[PDB]
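Please read the structure below before turning to the comments.
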Amino acid sequence: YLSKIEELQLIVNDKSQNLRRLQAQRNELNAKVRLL
Amino acid sequence: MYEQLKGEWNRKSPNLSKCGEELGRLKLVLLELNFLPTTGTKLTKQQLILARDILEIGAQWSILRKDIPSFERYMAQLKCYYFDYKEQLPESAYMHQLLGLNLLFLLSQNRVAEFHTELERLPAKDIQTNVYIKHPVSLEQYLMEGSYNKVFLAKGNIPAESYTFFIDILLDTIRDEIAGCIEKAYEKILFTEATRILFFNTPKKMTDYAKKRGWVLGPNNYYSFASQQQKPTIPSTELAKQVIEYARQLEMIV
Amino acid sequence: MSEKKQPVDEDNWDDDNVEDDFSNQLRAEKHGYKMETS
Amino acid sequence: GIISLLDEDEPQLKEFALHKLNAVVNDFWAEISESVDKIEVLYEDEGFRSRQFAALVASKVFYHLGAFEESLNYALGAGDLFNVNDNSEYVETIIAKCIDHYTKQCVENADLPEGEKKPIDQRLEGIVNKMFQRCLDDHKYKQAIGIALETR
Amino acid sequence: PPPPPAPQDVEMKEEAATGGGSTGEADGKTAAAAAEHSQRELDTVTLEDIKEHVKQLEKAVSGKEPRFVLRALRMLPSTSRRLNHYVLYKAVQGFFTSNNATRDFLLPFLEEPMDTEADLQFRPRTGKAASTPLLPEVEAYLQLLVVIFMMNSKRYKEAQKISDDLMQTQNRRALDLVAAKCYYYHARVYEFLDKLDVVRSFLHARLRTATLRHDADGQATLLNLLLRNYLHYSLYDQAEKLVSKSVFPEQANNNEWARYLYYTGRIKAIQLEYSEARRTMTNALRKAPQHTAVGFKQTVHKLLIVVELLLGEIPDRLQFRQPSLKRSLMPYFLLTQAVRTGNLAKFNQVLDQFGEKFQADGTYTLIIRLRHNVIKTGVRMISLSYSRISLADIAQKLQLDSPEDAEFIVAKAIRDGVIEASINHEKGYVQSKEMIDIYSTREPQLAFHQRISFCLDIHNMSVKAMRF
């Protein structure tokens, strides 16, 4: 309540971590096409 | 109840500070009464009907003593008098021209949207009646229609209980808007167009214009300057810096 | 959708906008009578 | 228009203006935003002995407009009746940001060896040692050691 | 008794999703908003606004609201047997005798899902239990034994404000999504009778509580409520938006923002504006979501392009015209015809003919400047027409009768800045010019920075939309 709200919302900002998951998919595609 | 509130009822000005004795009496009215948190039971608002009366007469004191902070003070009081939620009041006597005082003061100080919130707060009594409002609003239509002579056609009859100070400020907003709009993009004027658009054929005030705005009083002749525009050569390098941050913002993105 | 307060509420049709734009010019002789005016 | 009624230069009509404030300030949230300057005039005046209430409605209108560090400034300027409140929006969000400033201040001054600090402004420490006794006498000391985390 | 099975089906399809599914979408979900049954339920609320809701008449009286509000319980995994109760109670409408148990008996029916057991912990089931019964009651405002009950049902929704404010968790991305709708219906039912007075402070503090801790679809919608509140009544607190402009969310519902910009375009139209007001009217116009709702753009568009009429540079507007709007624009068609015409007797005879529909508009701002708009239309046309015109030609072509008011017209047109036109000052007799060879090369590429910077903004926005 007083000092317990913001980091929960920070873990919520791990949608940016999901953005990193998306860029991970991306670099997977790219690395393996380059493997081709 | 409380007789001596009416001690300045019908003679309106023997002084300035005897109205200050009445100000101390209304100060005691603010000690005891305080019109705004008073909710209902409309016999504790009948001395407030009396307060509406003598503070309309106090707004007449505010135009009598030329005090503009006191003018906006008692006018915001009247604005709050139409604002407290017991709107079912006895019909206000100076209602028609307190709106007119406020509107002509607004017209003097050159506002742009409080004119229209005035056209929105009480619109239905503007076209049918209320010459204290019906004459200023079509007067504004005539002012931004193109006539500073409808000023004098109107001044045929506008005292309207001491709009005289405000129509003097309206003469002032004629003259300093002449100071702007005398050669906005004109060729040149002469003595006679000064005599037409200006008035009062030659005081030291149009001479003060010619010696106050940076002006060349030509030989019975006028010019804004020798070029009127102060002569209005590199459009390249600033847009090159624009290209720097422009290519920069096209960078870091895909 | 209309979720607001508002729920309270070519033959010539093609040439009709121009017609109302033509509604201010000699709708359809004084053109030809101007020949003999001079 | 409630601030032009202040030409009487004593606090004795500032008090009637504040008696209008604590009546209709939420309706007149549009009105005080221009009056920020005269609220500053009231805070600067030490002869205005109600400067506590000046900083009160200052932090109120800045809580309305979304100012937060000046909400902290005039929250400290608000006085002793500031921390004691039990309200659920105003006082607890602004003491949240205030003791957030206390812990980041104790971090920066824990990053500052042997003094040269920003001193305790005279309206901190109130709910520190008052809600701290709530945490203590509620017989679970995890907040009582959580402040010891937060102060370093 | 064969049609009420269709509300029997859609009722269970609604609270199956809402109750069980969005309760499971509230238990642990909502990373941003994984409560997709919330938008599903708002779709079904639009579906109950298309159809009759559940039990307004439906060939009977009062079947579903006494029925399904019982026994949710949220317990051991045989609560699908309470769903089986919900399903197999439906022999009462087809087989048994229907009886009246709505709008009077609902007062303990709302307390039944609390007095069965400690059902569950989340508020969207409580908002369900006070919304999904009571929103089927609001659209029958015949003001006799039905509107005092909308009043009390939304007093229970004010208790839903209380249990939105003190409920122990971002369930506001369901309850503000339902509360947008139901608070609009609050304002509707409150102002079907009188203006709302302390509901203003209700709305103020309800805007206050949604400030930072849960700032999701509440602030903008309650601000639409507050804006239309200050719109329907006297106009004092638009300075509040001028001092506290905090009006920028994610602009989520994609039509809320459109009509929001429309309402504040009406605001800036009535404050004073041409340019910014007509461009936000234009953006709300092109941000019309669809035409899937019959003739609802139409009256609101009649009041939308009043400022474009006040431009004077508008043709006839006929491409918008619904043929069912024609019998109401019988004034408005001749009004834009009076915009195209320069007649003065017709300028006041359209007013003398249609002042009552002009009061139905209720905007004096149009006629207080529409004469000035006629003379500005004249000056734009003729000053774009001829290089060195005389003021007498245009003056006694538009019946001005004197040189000096034509001088004041040309002077206030220079002050309003359309053309260079000056006066060969002896007795008037304008000496002037047009303006070609003004500039054409470095000046486009000034604006091309904004062109392509706008394009790259939308590039990065499509990137951040490709992220989804």
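Chain labels A, B, ... are given in the sequence in which chains occur in the structure tokens; within each chain residues are numbered consecutively from 1, and ligands are likewise numbered from 1 in the order shown.
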Neighbours of residue 118 (chain E) within 12 Å (only C-alpha atoms; same-chain residues fewer than 2 positions away dropped), as a list in words? residues 71, 72, 73, 74, 75, 112, 113, 114, 115, 116, 120, 121 and 122 of chain E
Which chain B residues have any atom within 12 Å of an atom of chain D, and for each, what is the nearest pair of atoms with distance in Å to one decimal, counting only C-alpha atoms, rows sorted by chain and number, as a Markdown table?
```
| residue | atom | partner | partner_atom | distance |
| --- | --- | --- | --- | --- |
| B:23 | CA | D:8 | CA | 11.0 |
| B:24 | CA | D:8 | CA | 11.4 |
| B:27 | CA | D:13 | CA | 9.3 |
| B:28 | CA | D:13 | CA | 11.8 |
| B:29 | CA | D:16 | CA | 11.9 |
| B:30 | CA | D:16 | CA | 8.1 |
| B:31 | CA | D:16 | CA | 8.8 |
| B:32 | CA | D:16 | CA | 11.5 |
| B:33 | CA | D:16 | CA | 11.3 |
| B:34 | CA | D:16 | CA | 8.5 |
| B:35 | CA | D:20 | CA | 10.3 |
| B:36 | CA | D:20 | CA | 7.7 |
| B:37 | CA | D:23 | CA | 7.3 |
| B:38 | CA | D:23 | CA | 11.1 |
| B:39 | CA | D:23 | CA | 11.9 |
| B:67 | CA | D:7 | CA | 11.6 |
| B:68 | CA | D:4 | CA | 10.5 |
| B:69 | CA | D:4 | CA | 7.0 |
| B:70 | CA | D:4 | CA | 8.3 |
| B:71 | CA | D:4 | CA | 9.9 |
| B:72 | CA | D:4 | CA | 7.3 |
| B:73 | CA | D:4 | CA | 5.6 |
| B:74 | CA | D:5 | CA | 8.4 |
| B:75 | CA | D:1 | CA | 9.3 |
| B:76 | CA | D:1 | CA | 5.8 |
| B:77 | CA | D:1 | CA | 8.3 |
| B:78 | CA | D:1 | CA | 10.6 |
| B:79 | CA | D:1 | CA | 8.4 |
| B:80 | CA | D:1 | CA | 8.3 |
| B:81 | CA | D:1 | CA | 11.9 |
| B:83 | CA | D:1 | CA | 11.4 |
| B:84 | CA | D:24 | CA | 11.2 |
```
Would you mind exporting N, CA and C atoms of the selected residues as an mmCIF file, in the first residue's frame?
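again_5.cif, freshly written:
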```cif
data_model
loop_
_atom_site.group_PDB
_atom_site.id
_atom_site.type_symbol
_atom_site.label_atom_id
_atom_site.label_comp_id
_atom_site.auth_asym_id
_atom_site.auth_seq_id
_atom_site.Cartn_x
_atom_site.Cartn_y
_atom_site.Cartn_z
ATOM 1 N N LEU B 23 -18.655 49.543 4.703
ATOM 2 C CA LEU B 23 -17.786 48.398 4.459
ATOM 3 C C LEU B 23 -17.503 47.634 5.743
ATOM 4 N N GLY B 24 -17.303 48.347 6.850
ATOM 5 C CA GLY B 24 -17.181 47.684 8.140
ATOM 6 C C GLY B 24 -18.474 47.016 8.572
ATOM 7 N N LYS B 27 -18.590 44.029 6.647
ATOM 8 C CA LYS B 27 -17.602 43.164 7.273
ATOM 9 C C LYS B 27 -18.215 42.406 8.436
ATOM 10 N N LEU B 28 -19.031 43.086 9.242
ATOM 11 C CA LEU B 28 -19.793 42.397 10.280
ATOM 12 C C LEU B 28 -20.847 41.456 9.701
ATOM 13 N N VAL B 29 -21.375 41.768 8.514
ATOM 14 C CA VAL B 29 -22.254 40.836 7.806
ATOM 15 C C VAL B 29 -21.482 39.578 7.413
ATOM 16 N N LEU B 30 -20.214 39.734 7.031
ATOM 17 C CA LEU B 30 -19.376 38.574 6.733
ATOM 18 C C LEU B 30 -18.949 37.824 7.996
ATOM 19 N N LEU B 31 -18.831 38.524 9.129
ATOM 20 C CA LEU B 31 -18.594 37.845 10.403
ATOM 21 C C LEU B 31 -19.777 36.972 10.786
ATOM 22 N N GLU B 32 -20.979 37.532 10.731
ATOM 23 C CA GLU B 32 -22.144 36.863 11.289
ATOM 24 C C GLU B 32 -22.823 35.910 10.317
ATOM 25 N N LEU B 33 -22.773 36.187 9.017
ATOM 26 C CA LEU B 33 -23.731 35.616 8.085
ATOM 27 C C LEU B 33 -23.114 34.666 7.065
ATOM 28 N N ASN B 34 -22.147 35.138 6.260
ATOM 29 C CA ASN B 34 -21.435 34.350 5.245
ATOM 30 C C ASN B 34 -22.369 33.663 4.249
ATOM 31 N N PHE B 35 -22.845 34.424 3.256
ATOM 32 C CA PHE B 35 -23.867 34.033 2.280
ATOM 33 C C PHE B 35 -23.681 32.657 1.631
ATOM 34 N N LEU B 36 -22.447 32.200 1.389
ATOM 35 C CA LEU B 36 -22.298 30.984 0.579
ATOM 36 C C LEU B 36 -22.570 29.645 1.288
ATOM 37 N N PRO B 37 -22.112 29.367 2.523
ATOM 38 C CA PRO B 37 -22.518 28.093 3.150
ATOM 39 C C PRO B 37 -23.960 28.065 3.645
ATOM 40 N N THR B 38 -24.668 29.198 3.639
ATOM 41 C CA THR B 38 -26.069 29.257 4.057
ATOM 42 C C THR B 38 -26.929 28.476 3.068
ATOM 43 N N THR B 39 -27.516 27.374 3.533
ATOM 44 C CA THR B 39 -28.138 26.413 2.625
ATOM 45 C C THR B 39 -29.552 26.831 2.227
ATOM 46 N N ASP B 67 -12.737 52.299 -8.841
ATOM 47 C CA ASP B 67 -11.862 51.230 -8.376
ATOM 48 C C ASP B 67 -12.192 49.941 -9.126
ATOM 49 N N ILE B 68 -11.268 49.511 -9.980
ATOM 50 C CA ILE B 68 -11.422 48.321 -10.820
ATOM 51 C C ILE B 68 -11.221 47.031 -10.017
ATOM 52 N N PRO B 69 -10.243 46.908 -9.085
ATOM 53 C CA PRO B 69 -10.302 45.757 -8.160
ATOM 54 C C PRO B 69 -11.567 45.692 -7.324
ATOM 55 N N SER B 70 -12.108 46.832 -6.908
ATOM 56 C CA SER B 70 -13.401 46.798 -6.241
ATOM 57 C C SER B 70 -14.538 46.544 -7.223
ATOM 58 N N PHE B 71 -14.387 46.986 -8.481
ATOM 59 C CA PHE B 71 -15.379 46.685 -9.511
ATOM 60 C C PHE B 71 -15.471 45.188 -9.767
ATOM 61 N N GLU B 72 -14.332 44.547 -10.041
ATOM 62 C CA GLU B 72 -14.331 43.102 -10.241
ATOM 63 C C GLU B 72 -14.657 42.362 -8.951
ATOM 64 N N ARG B 73 -14.371 42.969 -7.798
ATOM 65 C CA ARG B 73 -14.707 42.374 -6.510
ATOM 66 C C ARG B 73 -16.216 42.269 -6.317
ATOM 67 N N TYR B 74 -16.911 43.407 -6.361
ATOM 68 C CA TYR B 74 -18.360 43.389 -6.188
ATOM 69 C C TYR B 74 -19.067 42.757 -7.386
ATOM 70 N N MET B 75 -18.437 42.748 -8.564
ATOM 71 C CA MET B 75 -19.038 42.058 -9.696
ATOM 72 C C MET B 75 -18.919 40.549 -9.560
ATOM 73 N N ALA B 76 -17.808 40.057 -9.007
ATOM 74 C CA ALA B 76 -17.714 38.647 -8.669
ATOM 75 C C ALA B 76 -18.644 38.296 -7.520
ATOM 76 N N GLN B 77 -18.926 39.260 -6.638
ATOM 77 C CA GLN B 77 -19.984 39.067 -5.649
ATOM 78 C C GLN B 77 -21.350 38.889 -6.306
ATOM 79 N N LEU B 78 -21.681 39.716 -7.303
ATOM 80 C CA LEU B 78 -22.957 39.568 -8.010
ATOM 81 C C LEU B 78 -23.011 38.261 -8.796
ATOM 82 N N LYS B 79 -21.877 37.891 -9.401
ATOM 83 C CA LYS B 79 -21.728 36.609 -10.079
ATOM 84 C C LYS B 79 -21.981 35.451 -9.130
ATOM 85 N N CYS B 80 -21.474 35.546 -7.900
ATOM 86 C CA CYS B 80 -21.796 34.554 -6.885
ATOM 87 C C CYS B 80 -23.229 34.676 -6.379
ATOM 88 N N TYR B 81 -23.852 35.847 -6.515
ATOM 89 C CA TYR B 81 -25.237 36.019 -6.095
ATOM 90 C C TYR B 81 -26.204 35.361 -7.057
ATOM 91 N N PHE B 83 -25.277 32.549 -8.374
ATOM 92 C CA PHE B 83 -24.608 31.257 -8.422
ATOM 93 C C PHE B 83 -24.981 30.328 -7.282
ATOM 94 N N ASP B 84 -25.276 30.872 -6.098
ATOM 95 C CA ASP B 84 -25.686 30.038 -4.975
ATOM 96 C C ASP B 84 -27.015 29.364 -5.295
#
```
Using only C-alpha atoms, which of E:30, E:298, E:168, E:98 sits nearest residue 2 (chain C)?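 Using only C-alpha atoms, residue 2 (chain C) sits closest to E:298.
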Which polymer residues have any atom within 12 Å of an atom of region 264-274 of chain E, counting only C-alpha atoms, with same-chain residues fewer than 6 positions away left out, as a ChimeraX atom specification? /B:111-121 /E:223-224,226-228,230-232,234-239,241-242,245,247,257-258,280-285,300-313,361-366,368-369,373
Please list as a PyMOL selection string every residue within 9 Å of residue 420 (chain E), counting only C-alpha atoms and excluding residues in the same chain fewer than 6 positions away. (chain B and resi 185-186) or (chain E and resi 414+432-435)
Just want the 6 Å neighbourhood of region 221-234 of chain B, counted on only C-alpha atoms, with same-chain residues fewer than 6 positions away dropped. Output as a compact mmCIF listing (two decimals) with C-alpha atoms, in the first residue's frame.
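What ended up in around09.txt:
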```txt
# COMPACT_ATOMS: atom_id res chain seq x y z
CA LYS B 188 0.01 56.79 -46.48
CA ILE B 189 -2.63 58.94 -44.81
CA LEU B 190 -2.90 62.71 -44.52
```
Could you please tell me, as a VMD selection string, which residues of chain E have an atom within 7 Å of chain C when using only C-alpha atoms? chain E and resid 292 to 293 296 299 to 300 316
Let me see the file: selected residues, N, CA, C and O atoms, as a PDB file, in the first residue's frame.
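Output contents, as saved in again-v4.pdb:
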```pdb
ATOM      1  N   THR E 292     -22.422   1.682 -38.548  1.00  0.00           N
ATOM      2  CA  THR E 292     -23.164   0.490 -38.175  1.00  0.00           C
ATOM      3  C   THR E 292     -24.275   0.816 -37.192  1.00  0.00           C
ATOM      4  O   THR E 292     -24.971  -0.095 -36.729  1.00  0.00           O
ATOM      5  N   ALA E 293     -24.446   2.094 -36.858  1.00  0.00           N
ATOM      6  CA  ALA E 293     -25.483   2.568 -35.952  1.00  0.00           C
ATOM      7  C   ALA E 293     -26.276   3.635 -36.686  1.00  0.00           C
ATOM      8  O   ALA E 293     -25.718   4.670 -37.066  1.00  0.00           O
ATOM      9  N   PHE E 296     -26.925   8.104 -36.317  1.00  0.00           N
ATOM     10  CA  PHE E 296     -26.477   8.715 -35.079  1.00  0.00           C
ATOM     11  C   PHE E 296     -25.333   9.689 -35.281  1.00  0.00           C
ATOM     12  O   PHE E 296     -25.120  10.566 -34.440  1.00  0.00           O
ATOM     13  N   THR E 299     -27.461  14.003 -36.567  1.00  0.00           N
ATOM     14  CA  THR E 299     -27.765  15.189 -35.761  1.00  0.00           C
ATOM     15  C   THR E 299     -26.494  15.752 -35.136  1.00  0.00           C
ATOM     16  O   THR E 299     -26.281  16.978 -35.095  1.00  0.00           O
ATOM     17  N   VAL E 300     -25.605  14.857 -34.703  1.00  0.00           N
ATOM     18  CA  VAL E 300     -24.375  15.271 -34.061  1.00  0.00           C
ATOM     19  C   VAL E 300     -23.422  15.879 -35.091  1.00  0.00           C
ATOM     20  O   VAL E 300     -22.616  16.746 -34.752  1.00  0.00           O
ATOM     21  N   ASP E 316     -22.489  23.342 -50.115  1.00  0.00           N
ATOM     22  CA  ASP E 316     -23.549  22.519 -49.560  1.00  0.00           C
ATOM     23  C   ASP E 316     -22.979  21.177 -49.116  1.00  0.00           C
ATOM     24  O   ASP E 316     -22.137  20.574 -49.792  1.00  0.00           O
TER      25      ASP E 316
END
```
Among region 5-241 of chain B, which residues does DSSP mark as helix (DSSP H, G or I) when it is run on the backbone? Keep the chain and numbering as in the structure and answer as an NGL selection string. :B and (5-6 or 18-32 or 46-64 or 68-81 or 95-109 or 114-121 or 131-143 or 150-155 or 164-180 or 191-197 or 204-210 or 237-241)
Can you tell me which residues surround residue 29 (chain D) at a distance of at most 8 Å, considering only C-alpha atoms, apart from same-chain residues fewer than 2 positions away, and format the answer as a list in words? residues 25, 26, 27, 31, 32, 33, 61 and 64 of chain D; 240 of chain E
Non-local contacts of residue 13 (chain A) (9 Å; only C-alpha atoms; under 4 positions in same chain excluded) as number ranges by chain: A: 8-9, 17-18; E: 31-32
With C-alpha atoms retained, export the selected residues as an mmCIF file, in the first residue's frame.
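Final output, saved to selection12.cif:
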```
data_model
loop_
_atom_site.group_PDB
_atom_site.id
_atom_site.type_symbol
_atom_site.label_atom_id
_atom_site.label_comp_id
_atom_site.auth_asym_id
_atom_site.auth_seq_id
_atom_site.Cartn_x
_atom_site.Cartn_y
_atom_site.Cartn_z
ATOM 1 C CA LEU A 8 4.499 -5.173 -8.729
ATOM 2 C CA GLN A 9 3.777 -2.768 -11.588
ATOM 3 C CA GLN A 17 10.592 -8.672 -21.122
ATOM 4 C CA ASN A 18 7.961 -10.128 -23.445
ATOM 5 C CA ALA E 31 -0.632 -9.007 -17.484
ATOM 6 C CA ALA E 32 -1.881 -5.968 -19.340
#
```
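The list of chain A residues within 10 Å of chain D is residues 1, 2 and 3 of chain A; this uses only C-alpha atoms.
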Point-to-point distance from CA of residue 11 (chain C) to CA of residue 318 (chain E), Å rounded to tenths: 15.8 Å
What are the closest atom pairs, with distances in Å to one decimal, for all residues of chain B lying within 10 Å of chain E? Consider only C-alpha atoms, order rows by chain and residue number, and present the result as a tab-separated table.
```
residue	atom	partner	partner_atom	distance
B:85	CA	E:197	CA	9.4
B:112	CA	E:272	CA	6.8
B:113	CA	E:271	CA	5.2
B:114	CA	E:271	CA	7.7
B:115	CA	E:271	CA	8.8
B:116	CA	E:271	CA	6.3
B:117	CA	E:235	CA	6.5
B:118	CA	E:235	CA	9.2
B:119	CA	E:364	CA	7.2
B:120	CA	E:235	CA	7.1
B:121	CA	E:234	CA	5.8
B:122	CA	E:234	CA	8.8
B:123	CA	E:364	CA	7.5
B:124	CA	E:359	CA	9.5
B:126	CA	E:364	CA	10.0
B:137	CA	E:368	CA	8.3
B:138	CA	E:368	CA	8.3
B:140	CA	E:368	CA	9.2
B:141	CA	E:368	CA	7.0
B:142	CA	E:372	CA	9.4
B:143	CA	E:408	CA	9.5
B:144	CA	E:412	CA	7.5
B:145	CA	E:372	CA	6.3
B:146	CA	E:408	CA	4.4
B:147	CA	E:405	CA	5.7
B:148	CA	E:408	CA	8.0
B:149	CA	E:405	CA	8.8
B:180	CA	E:415	CA	9.0
B:181	CA	E:411	CA	7.1
B:182	CA	E:411	CA	8.6
B:183	CA	E:411	CA	9.0
B:184	CA	E:414	CA	7.0
B:185	CA	E:422	CA	6.2
B:186	CA	E:422	CA	4.9
B:187	CA	E:422	CA	6.4
B:188	CA	E:425	CA	6.7
B:189	CA	E:425	CA	6.0
B:190	CA	E:425	CA	7.9
B:192	CA	E:426	CA	9.0
B:193	CA	E:425	CA	8.1
B:196	CA	E:404	CA	8.5
B:197	CA	E:404	CA	8.6
B:235	CA	E:442	CA	7.6
B:236	CA	E:442	CA	9.0
B:239	CA	E:446	CA	8.1
B:242	CA	E:449	CA	8.1
B:243	CA	E:449	CA	8.8
B:246	CA	E:453	CA	7.6
B:249	CA	E:456	CA	8.2
B:250	CA	E:456	CA	7.1
B:253	CA	E:460	CA	7.1
B:254	CA	E:460	CA	7.8
```
Go through chain A and flag each residue having an atom no more than 9 Å from chain E; for those, report the closest pair of atoms plus their distance in Å to one decimal, using only C-alpha atoms, ordered by chain and rising number, as CSV.
```
residue,atom,partner,partner_atom,distance
A:5,CA,E:213,CA,8.1
A:12,CA,E:31,CA,6.2
A:13,CA,E:31,CA,8.7
A:14,CA,E:31,CA,8.8
A:15,CA,E:31,CA,7.6
A:19,CA,E:467,CA,6.7
A:22,CA,E:467,CA,7.5
```
For the selection you just gave me, I'd like the residues written to a file as a tab-separated table (two decimals), in the first residue's frame, keeping C-alpha atoms.
```tsv
chain	number	residue	atom	x	y	z
A	5	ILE	CA	2.73	-0.98	-5.25
A	12	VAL	CA	3.99	-5.83	-14.95
A	13	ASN	CA	6.46	-3.93	-17.13
A	14	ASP	CA	8.00	-7.29	-17.98
A	15	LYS	CA	5.81	-7.02	-21.02
A	19	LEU	CA	9.23	-7.65	-26.03
A	22	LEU	CA	9.71	-11.23	-29.32
```
